[PDB]
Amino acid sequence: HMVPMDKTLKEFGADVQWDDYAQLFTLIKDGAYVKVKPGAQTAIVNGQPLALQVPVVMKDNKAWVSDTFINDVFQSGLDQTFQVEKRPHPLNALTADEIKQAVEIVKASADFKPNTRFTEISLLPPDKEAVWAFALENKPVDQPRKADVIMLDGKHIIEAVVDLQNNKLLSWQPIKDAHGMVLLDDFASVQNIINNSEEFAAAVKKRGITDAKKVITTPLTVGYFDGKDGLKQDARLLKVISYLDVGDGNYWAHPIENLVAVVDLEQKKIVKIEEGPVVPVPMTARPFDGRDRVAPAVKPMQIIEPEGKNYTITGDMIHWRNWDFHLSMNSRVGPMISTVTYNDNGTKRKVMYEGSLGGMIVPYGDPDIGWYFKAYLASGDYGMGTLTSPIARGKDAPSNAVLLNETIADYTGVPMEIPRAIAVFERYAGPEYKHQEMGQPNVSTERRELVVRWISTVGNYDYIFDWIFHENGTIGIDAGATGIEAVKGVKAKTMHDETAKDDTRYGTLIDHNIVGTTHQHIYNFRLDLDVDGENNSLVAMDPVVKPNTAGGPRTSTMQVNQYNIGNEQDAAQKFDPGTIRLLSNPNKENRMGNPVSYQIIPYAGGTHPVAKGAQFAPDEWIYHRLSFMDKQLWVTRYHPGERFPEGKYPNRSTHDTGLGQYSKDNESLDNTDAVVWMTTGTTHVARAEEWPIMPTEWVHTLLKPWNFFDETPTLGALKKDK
């Protein structure tokens, strides 16, 4: 017996195209490009013939396929995109089995308390040296796979380490004064607590809300203010901001301004309510899903690769052109790109041991009650990998992308598969190079880039990260932001209203009674680059104008001031785009005797105003806790446990336990294992074009080979000589 083709393929996620003139179906799914004609005893998969026992059957205009069609075709082997890993890469993320195993081990421990939650269950980093030896020399890692198990027992954090090979607990260590990140049940608890609070219901009522059951809460971390916010440093608290649900699918457009509840999560109660002036909730329906819009007409546009892809995915390793890298997922920071090498005429040269988002923050500038403590440290406090937003095929990623599924542990320690977690796609990116010599045949070649895209949504705002590998050796890192703006309820409807000026002192009036409060988007990428080896140095090249001392008519020249940056403190700096900053290997040179290096460009542009620093006075607590927000470039000595710019436990942190801490000892950066950190930010002043939903805005960063190679990297394989 058989099934209906359209509905089944659609559910399966394939794109189905029917050409009535050619009597042909074109089916596409990830790396598979399939052609199949009704009645045919053969189908084509990536340009190769595939025998079909049961042909596609056309019945009264409906196509029907065998119940084994999806598998026979899409899992045939003619789609070579994915290959089986023979020898397991040491950096492969914990499998669902290993995650269950780690949880069983801690659950077996004597000190384990029922009720414990798991903030993070991830692979404990194997030693770097052995990992590269595995990647370059194929040498097995003889160290047992271990897992870091970070638990929250009520409000207490405990870090444990389990030996997976040997099935045993290695360490169990309580971490004094650390606060755990926000976990998913905290969202439900805050909503329930608020719903059962008699006093909150009364506060809401006086603010014009008739049906308290329509109140939507949103949990926010409270930060640290040395008690000026009046909050006990020892309680596990969350502040709660509320909106009214009016049924337009966008509660964010209906702020209940000046009403903040402080919830103690262990006690499950509201311990404080801050109330300021009553501002009538903006009630106009402002849907962003199109329910009230006309679906316009657009003709089809598809990017296709009929013979399959130029990249191969073996287990989690991706091979493409001269690039080789390992891609895995972490629950806190998302994708981890590792053991990145560039095959230079047969020799695989190291480029980056490990790269990933370090951490990020979206801090606000309004002093009002519902905003003063507002700051979203998205990855650290909320778990961006866990909150990954599955790619909407063909929209969040081009139609020629391949979408990968990724597995991580949820907060109860149960494996969770995130579908379409990361997109991989090659794309045309203009001419790689061109030279039209006058009177001669033109010379042009196309540029191809391989993009690794991941999206994560925390609350109202959606973040996109693209790791772009250019065939010429350059690596771009771009971050996109879209989503729904956090807005403030105001009485002005237009700038002609009496309260207009005061209502927009901290943000633009983007709609009647709604202000898009000013804030910054600050991203930080942690890049353990290893330029052609472990031992490198940080070098500065500042282009400058100097007096001409060579004679002739010119009064000046363009020269360069080159100097090494010897320690961490001098490497923590602002980045002037007019200058060049290189991570060089002083032990290896290119053909002209220049040290092989990579140019670090923390600021390659953006579509929103750029942040030059943190938009906070130096006496602000957020300023003192997060030093990473005020400098664009940081370079620190490699250490396996220094991975976050904001610190490992930033919820209610009292001091910098991140980049401020990692560079405080001011270690030497001369001919040593360096880790580059790039902070890139935006200062977002809003406008009406961004409401009810904000068009994606992007920021760009770049890493370019500098004298790493001896000539134009894409010219091609040399036809003559050795």
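When you see a residue number, it is the position in the sequence shown, counting from 1.
Across the two stretches, 327-335 and 123-131, the PDB entry reports the greater mean Cα temperature factor for 123-131. Of the two segments, 564-572 and 423-431, the one listed with the higher mean B-factor is 564-572 (C-alpha atoms only).
Highest CA B-factor among the listed residues (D72, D478, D185, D245): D72. The entry lists C-alpha B-factors for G308, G346, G483, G489, and the highest of these is at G346.
When all modelled residues of the chain are sorted by CA temperature factor, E667 is found within the highest third. Looking at the C-alpha B-factors along this chain, the one for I510 belongs to the lowest third.
Among the modelled residues of its chain, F708 has a C-alpha B-factor that falls in the lowest third according to the deposited record.
Compared with the other modelled residues of the chain, the Cα B-factor recorded for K62 ranks in the highest third. In the PDB entry, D111 places in the highest third of its chain by CA B-factor.
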